[PDB]
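Notes follow the structure.
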Amino acid sequence: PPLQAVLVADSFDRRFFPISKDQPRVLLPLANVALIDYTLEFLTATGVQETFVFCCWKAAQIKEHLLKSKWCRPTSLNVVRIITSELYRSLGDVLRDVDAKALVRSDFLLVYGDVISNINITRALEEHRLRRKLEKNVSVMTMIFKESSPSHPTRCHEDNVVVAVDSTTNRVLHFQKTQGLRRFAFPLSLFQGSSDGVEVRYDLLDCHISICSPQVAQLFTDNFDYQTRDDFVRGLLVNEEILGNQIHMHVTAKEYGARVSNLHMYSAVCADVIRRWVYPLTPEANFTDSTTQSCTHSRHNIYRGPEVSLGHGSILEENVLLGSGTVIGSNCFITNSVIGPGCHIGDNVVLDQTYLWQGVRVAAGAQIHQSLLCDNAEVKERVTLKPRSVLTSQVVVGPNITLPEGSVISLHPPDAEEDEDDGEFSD
Amino acid sequence: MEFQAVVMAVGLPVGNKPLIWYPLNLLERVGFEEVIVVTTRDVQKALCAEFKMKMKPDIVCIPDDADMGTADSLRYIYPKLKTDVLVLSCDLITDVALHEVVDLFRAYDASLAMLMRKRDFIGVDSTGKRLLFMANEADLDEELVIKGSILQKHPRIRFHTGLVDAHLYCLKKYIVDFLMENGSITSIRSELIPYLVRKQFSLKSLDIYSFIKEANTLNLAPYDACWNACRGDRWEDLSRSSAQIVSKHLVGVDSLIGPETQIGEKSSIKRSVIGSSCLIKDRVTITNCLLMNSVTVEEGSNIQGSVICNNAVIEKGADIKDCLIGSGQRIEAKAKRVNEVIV
Amino acid sequence: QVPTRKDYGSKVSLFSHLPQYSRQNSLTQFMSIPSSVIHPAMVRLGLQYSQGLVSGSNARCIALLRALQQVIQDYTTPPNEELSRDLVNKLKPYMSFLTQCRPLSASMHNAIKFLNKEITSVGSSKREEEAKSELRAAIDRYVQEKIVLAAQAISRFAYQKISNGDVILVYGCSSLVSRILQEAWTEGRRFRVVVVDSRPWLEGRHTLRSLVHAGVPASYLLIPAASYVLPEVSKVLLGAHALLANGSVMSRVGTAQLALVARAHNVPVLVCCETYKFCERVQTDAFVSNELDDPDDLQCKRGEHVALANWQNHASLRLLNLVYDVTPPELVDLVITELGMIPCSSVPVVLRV
Amino acid sequence: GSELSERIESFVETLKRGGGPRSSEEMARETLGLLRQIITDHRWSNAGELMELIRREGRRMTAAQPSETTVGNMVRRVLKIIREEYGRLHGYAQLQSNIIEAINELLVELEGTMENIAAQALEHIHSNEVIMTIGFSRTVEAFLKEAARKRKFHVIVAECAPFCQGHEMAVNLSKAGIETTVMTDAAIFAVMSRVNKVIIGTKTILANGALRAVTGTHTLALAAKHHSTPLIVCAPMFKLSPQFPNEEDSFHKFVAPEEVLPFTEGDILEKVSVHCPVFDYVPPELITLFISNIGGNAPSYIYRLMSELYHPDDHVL
């Protein structure tokens, strides 16, 4: 049978506020490319071809950009249906909705908005198939996950995962997050279930590439009380007395799938995809034939779009996706950056770890750090910033003005810790 | 040397084979001249002469008091313990080549060790050497509490409810001392070891080094279990029935018997072991069970799965079924029922 | 007594003479647990030694010497039997055990040879515990002098070389290089670092940790990619797990190759080493002393492809893990040592004295 | 005619991600096939239009994955063929037929390549001698286990440390009973004294005689030049490409940095960039022998074929 993949392009961890004001979450430029693109290239890599995307909040801009998709070409292998429904705000309803129109034939692979991945599901896909039809629907879900180590910057302060699993069929036994739990709690339910070895793990990522089966749309319709996948899995893990038909977990070893959630996660995944950690996917492969993403990979992980006019003596040690249209002056010391298109720079500037974007601009001698910007975001002479110091929506900063850490300024007083300005204070 | 085969054994090496003596025997096979063997002095001296009844030129006998818990008797014998001890429990009947556990110990400077053949769910490491948790359902109701620290350091844990440990603990002198000041810690197996593992986390830290086993075990309240042992025992008796007045006509099926014993006519034995120097010589049959001596046997013992210990008798009309022979059986005919009965 | 573990399978036809050991034949699988003839601390050492829990040659020295401190202090002489003879006589089976669990490195070799020389040294008017206490003191004097103070001196020499702006290549668990880099970084220098590792006992990790956890920016790559990095490196910098007689320098499997690719890319080859490691046998050849540790570990991991499903059933396939190569003198121009920044070909003189 | 476009996609994709096809000469064959389809599913006012079209297509091809330029030179030679046909037979329409046969001709010659090389083997390697090889280069498995039916000798295969890519050949020569050995690349200079003539695979032949090889080869060739034992390139001539090393250093397939330092390693991956080039350079001045479809050849010799195979005016493609 074909391999169809439900997909929702509004991850309800609505954290990229105020950034979510101008352009929606999913459309975000990570490395001058749509995350949703990364996801779609993934879907094509594992070879699925009938993908059902979904966006409720701000579906307009989604279609606006995705009409010219790498997979919205007539030659594409993937067919897409942006069902522009603005009723649900929890995945529960969209899963009962793919129930409500019998879209998924059978054996689908649901996926959140902006998973960064290179994973070949086919190994999983087939073992799922095996223990689902050589076992006749005793499965409902076969979670896929990716081995890691806790200390990595993939698991930010916010989100980790810890899970009890079996070791014979690798079936899930319990799933739970660990936002500040110096201890944990596992019931002997585990062992009164079976006396042949049980495993606990804290070294799987929040891969969020759940394989599933339309009877998951069943398990969501039959009980209208689930609003997220974790709701699903813990409800089914407690409802094992009857009609559980538990999850058959499975971990990979060689790939990299992360459901980017928070600005720290975006940070980590961007400055790991520049390091080719996911390759095939990296903008010098220009996987979206979209023109201006011609990225002339070069010495020592320095990427370089065409026509960057890099400034004299501007050292750039590593991992600098200088996008198209850029221009740079003398001594501009960039590092780990992502300089999008339309980025004029001054002199003596340092931009360690920064993430500029399109439209951005900056004058001379303007040290920055750990930063982030957005469309026409501007900071003039001798400004300075600090970790997570977002600033978007064309915000400006005046000369001489240092700024503190969380300086998330934007086009709104009430939500940003500043407002659209051309100084520092005074909205 | 660096050890002492101190044996925490209380309470007899029954059968056609000196069972209780066998932990000694086996450690004796691999060096270990010294064997501290605590005895039973809750009433009288009923255990030491029983060791004078044995054949190891280097054994030692230790009297005791009313009640001696494991760590309690540890603290008791503590002074004469002047090395890294090697404690050991009563019913070691297990062909484990002990070189593996002391191997692991002598390797990773282990503050402890133990064994586990295949209550008491445990968490063992990925590599299966540095265990990380032990408990039982008695300890706590249901919540497998594991302090997030260790999962934040030791990444992947396998579990084990399918275990039969053998209470064998290679130690280190300073842990014996750490116990000697801990007057309240009564028993090693129940409280000490889990306390130490609890204190594994707040290289000069401590260690715990378990081991999975699939060869033999430690006997408990069902001693008919070690009939397994009996069936297997003769293999242990390769160079370390076997010698008796045999009949070669009566049923011999995985049997065992000592010399100068019940040799008569018209008997049988099916898949079990026997006693030594008792009265079983009349018209008899198998009992698929084991017996101790001084139990006059006669008239076709149609029994199955029981014990005929001392203080028993039967003659000329006898028949039984899974009814153990305890004390107070001056019997000659008592048709028994296979349910729980010890007459 | 102590049998010799089986030379695992067959070697390269040429390699038929050197030994090829394993780790599952844990020699204590047969001995008597209360270590009666074999010394307790000694057998503990050898057991944690063969299974691969002590790697860094200098660390392996430190370990052996601690264990022999313990042996000495526990030693007793027989009734009025002279120490210098009877001790060493107990020692010979102990060193034979250390060999038959793992081949002995030039560092341990010079160590044990010094110890024989010094045990034989102290006169036969020896108050027993006095002799043993003086020996413990002298042993610790040795270690502090030659491997605990040396590192300091080597760093003091090196720091004045490493400039600012200049990346440096490293190779492997060499404690000395990790120390040099860490120190001369702490004294304020500013430079990238690149590490190169060689499978199977992938070890560059050790230094990679002890560097990135110390602040210095790193960059990793395996030695079959070394030819890539050299158009950037301004100094290779290599450990030396032994130093031979004829000017050459022995090291792990992946050293002389680094030096060679370097000379062909014209980049100045340093090395760092401390005196007492220096052996005295001579070798410009390659197969005269290169122990063959358990080759079975080599088998790779891909897909489900253990491309060496059997080392054995494939009688047309033979493995090896040459532990050491030997950079010829000419290549490695500068060999820093606690006596100075000497050039390589002149190393036998300042070490023969 | 869109079915052509869909096959073009199918390829371009299978190309644009990773191993496909896992054989090189295969890649050549599917290439030529797709090219034949471009011709037979199109027409042209003048052959110049077909030159133009196939040049656009080859641009997409080589620009997509410039790490494997085999198909680059296949479209180069097809441009040569059309150039030659429009040269001869107009120096107009029926010549399409002409074109087709050329392909078949080229095609069928390709189908013999491996076996051709076989015939050379039985000459060079005199028995009971030691040959060194880095990789599973199919041509060399052909070479050796086709010269291991009259003699016996000893081949030591190194291992590209990224993969086990230098072990499959060990298991194969085991399946051919030659008593071969495995080793770890860092030890090649260790045993380079006891080699006789290294037999190496190759992945391209630049117009400078400088072969771009599977990684861990520059060191092999350097050790060779040092010991001055000769280099046996097992390069079928279709693997040529008229690239001259120095352009933009889009030069080494940078594979998933997951290979060298897998992701299991904690936080140290926050200030530790990684490199892993699977394809390295070897300077031509170390080459000795281009064992090839037409027997022995030397470095300089190579541009002769680059003189004749691909018309020089299209290395910019």
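Any read-out appearing in this document is the output of simple, stated calculations on the displayed coordinates, not a laboratory observation. Please note: Cβ atoms are built from the backbone with ideal geometry, for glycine as well, and neighbour counts cover all protein chains shown.
Seen against the Cα atoms of chain C and their longest principal axis, helix C:57-74 is set at about 10 degrees. A helix-only calculation puts the protein assembly as shown at -8500 deg cm²/dmol for mean residue ellipticity at 222 nm, using -39500 (n - 2.57) for each DSSP H run of at least four residues, averaged over all residues.
Residues whose amide H falls under 5 Å from that of residue B:324, counting only those 5 or more places apart or on a different chain, are B:307, B:341, B:342, B:343, with hydrogens built in the peptide plane. If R0 is taken as 25 Å, the Cβ-Cβ distance between residue B:177 and residue B:198 corresponds to a FRET efficiency of 0.85. A Cβ-based charge dipole, computed about the Cα centre of the stretch D:176-317 with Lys and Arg at +1 and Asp and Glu at -1, lands at about 700 debye.
Taking amide H atoms as placed 1.01 Å from N in the peptide plane, the amide H of residue B:87 lies under 5 Å from those of B:169, B:171, each 5 or more residues away in sequence or on another chain. Among the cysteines of chain B, B:90, B:170, B:226, B:230, B:278, B:289, B:309, B:323 have no other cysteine beta carbon within less than 4.7 Å of their own. Over 57 Å, how big is the tail of the calculated P(r) for the protein assembly as shown, in percent of all Cα pairs? Roughly 35 percent, rounded to a whole number. Solvent-free Debye calculation, one equal scatterer per alpha-carbon of the stretch C:1-153: log10 I(q)/I(0) at 0.10, 0.19 Å⁻¹ equals -0.40, -1.23. When the alpha-carbon atoms of the stretch C:244-294 are used, the pair Rg, Dmax equals 12.4, 36 angstrom. Using the average count of surrounding beta-carbon atoms within 10 Å as a protection proxy, the listed peptides C:308-320, A:323-335 rank, highest first, as A:323-335, C:308-320.
For the stretch D:236-291, the set of GluC sites (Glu not before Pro) satisfying both a DSSP loop assignment and a count of at most 14 other C-beta atoms within 10 Å is given as D:247, D:248. Apply the a/c threshold of 1.5 to the C-alpha gyration tensor of the stretch B:128-170 and tell me whether it is rounded, prolate or oblate. Because a/c hits 1.5 or more and a/b fails to exceed b/c, the stretch B:128-170 counts as oblate.
Partner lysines whose Cα lies under 19 Å from the Cα of residue D:152, excluding those fewer than 8 positions away in the same chain, are identified as C:11, D:175, D:197.
Across all Cα atoms of the stretch D:146-294, the radius of gyration (one decimal) and Dmax (whole number) stand at 17.0, 56 Å. Here, chain A yields an orientationally averaged convex hull projection of 21.3 nm² when only Cα atoms define the hull.
For peptide C:298-310, what's the mean number of Cβ atoms from other chains within 10 Å of each residue's Cβ?
Working: counts 6, 3, 9, 4, 8, 3, 1, 5, 2, 13, 6, 1, 2.
Mean shielding by partner chains, rounded to a whole number: 5.
So, with +1 on the Cβ of K and R and -1 on the Cβ of D and E, and no other charges, what is the size of the charge dipole of the stretch C:154-353 about its Cα centre, to the nearest 20 debye?
Details: 18 positive and 19 negative charges, 99 e Å.
That gives the stretch C:154-353 a dipole magnitude of about 480 debye.
Relative intensity of the stretch C:154-353 on a log10 scale, I(q)/I(0) at q = 0.09 Å⁻¹, equals -0.36, per a Debye sum over C-alpha point scatterers of equal strength in the absence of solvent.
Candidate cross-link partners of residue B:56 among the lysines, defined by an alpha-carbon separation under 25 Å and a same-chain spacing of 8 or more, comprise B:17, B:45, B:80, B:82.
Which value, in Å³ per residue, describes the convex hull spanned by the Cα atoms of chain C? Walk me through the intermediate numbers first.
Values: hull volume 56.3 nm³, N = 353.
With only Cα atoms used, chain C gives 160 Å³ per residue.
Computed from backbone phi with θ = phi - 60° and the Karplus coefficients 6.51, -1.76 and 1.60, the 3J(HN,Hα) list for the stretch A:284-293 is 6, 6, 6, 3, 7, 4, 2, 4, 5, 8 Hz; x is used for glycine and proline.
Ordering A:120, A:220, A:308 by the projection of their Cα atoms onto the charge dipole of chain A, which places +1 on the Cβ of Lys and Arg and -1 on the Cβ of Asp and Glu, puts A:120 at the extreme positive end. Residues within the reach of a label modelled at residue C:126 (point 7 angstrom out along Cα to beta-carbon, backbone nitrogen below 13 Å), restricted to the stretch B:1-26: there are none. Here's how it looks for residue B:218: its modeled amide H is under 5 Å from none belonging to a residue 5 or more places away or on a different chain.
Spatial offset of the stretch C:169-238 relative to the stretch A:331-355 amounts to 28 Å, using the alpha carbon center of each. Scattering from the stretch C:134-265 was approximated by placing one identical point on each alpha carbon and applying the Debye formula without solvent; log10 I(q)/I(0) at 0.11, 0.15, 0.17 1/Å stands at -0.42, -0.75, -0.94.
Based on Cα contacts under 8 Å between residues 6+ apart, chain C shows a relative contact order of 18 percent. In whole angstrom, the stretch A:366-426 maps to an equivalent ellipsoid with semi-axes of 15, 12, 11, each derived as √(5λ) from the alpha carbon gyration tensor and ordered largest first. Going by Cα centres, the stretch B:227-305 and the stretch D:111-125 are how many Å apart? Here the answer is 78 Å between Cα centres.
For the stretch D:194-201, the Karplus equation 6.51 cos²θ - 1.76 cosθ + 1.60, evaluated at θ = phi - 60°, returns couplings of 9, 9, 10, 8, 4, 10, 10, x Hz by residue, with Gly and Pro reported as x.
Sort all Cα-Cα distances of the stretch B:162-278 into consecutive 5 angstrom bins from zero, then give the percent of pairs in each bin up to the one containing the longest distance. In whole percents, the pair-distance histogram is 2, 8, 14, 15, 11, 9, 8, 8, 8, 7, 5, 3, 1, 0. The alpha carbon radius of gyration of the stretch B:1-136, expressed as a multiple of 2.2 N^0.38 Å, is 1.13.
To check you understand DSSP bridge types, tell me what percent of the beta bridges within chain D (both residues inside) are antiparallel, rounded to 5.
Numbers: 6 of 17 bridges.
In chain D, DSSP labels about 35 percent of beta bridges as antiparallel.
Three principal axis extents of the stretch A:1-157 based on alpha-carbon atoms, in descending order, are 49, 42, 31 Å. Taken as Cα centroids, the stretch A:121-171 and the stretch D:175-193 sit 40 Å apart, rounded to the nearest whole angstrom. Phi angles of the stretch C:269-277 translate, via the Karplus equation with coefficients 6.51, -1.76, 1.60 and θ = phi - 60°, into HN-Hα couplings of 8, 8, 7, 10, 6, 10, 3, 4, 5 Hz per residue; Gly and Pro are given as x. In units of the rule-of-thumb radius 2.2 N^0.38 Å, the stretch B:33-103 shows an alpha carbon radius of gyration of 1.23. In a simple Cβ point-charge model (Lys, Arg +1; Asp, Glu -1; nothing else charged), chain B has a dipole of about 500 debye relative to its Cα centre.
Looking at the P(r) of the stretch A:11-75, how many percent of alpha-carbon pairs lie beyond 17 Å?
Details: 881 of 2080 pairs.
So the pairs more than 17 Å apart make up 42 percent of the total in the stretch A:11-75.
Listed from fewest to most Cβ neighbours within 10 Å, the set A:155, D:36, D:149, A:96 follows the order D:149, D:36, A:96, A:155.
What helices in chain A pass both tests, a Cα length along the helix axis of 30 Å or more and a mean Kyte hydropathy of 1.6 or higher, using whole DSSP H runs?
On the way: long enough: none.
In chain A, no H run is both long and hydrophobic enough.
How large is the direction-averaged shadow of the alpha-carbon convex hull of the stretch D:56-145, in nm²? Intermediate values should be presented prior to the final figure.
On the way: hull surface 34.6 nm².
Average projection, Cα convex hull of the stretch D:56-145: 8.7 nm².
Past the 19 Å Cα-Cα mark, which pairs from A:177/A:386; C:117/C:146; C:90/C:277; B:147/B:199? In this structure, A:177/A:386; C:90/C:277 exceed 19 Å between Cα atoms. Kirkwood-type hydrodynamic radius, the stretch B:234-328: 13.1 Å, calculated from all non-identical alpha-carbon pairs. Our summary of shape: the Cα atoms of chain D have principal axis extents of 62, 55, 35 Å, ordered from largest down, in whole angstrom.
Fraction of C-alpha pairs exceeding 17 angstrom in the stretch D:58-102: 42 percent, rounded to a whole number.
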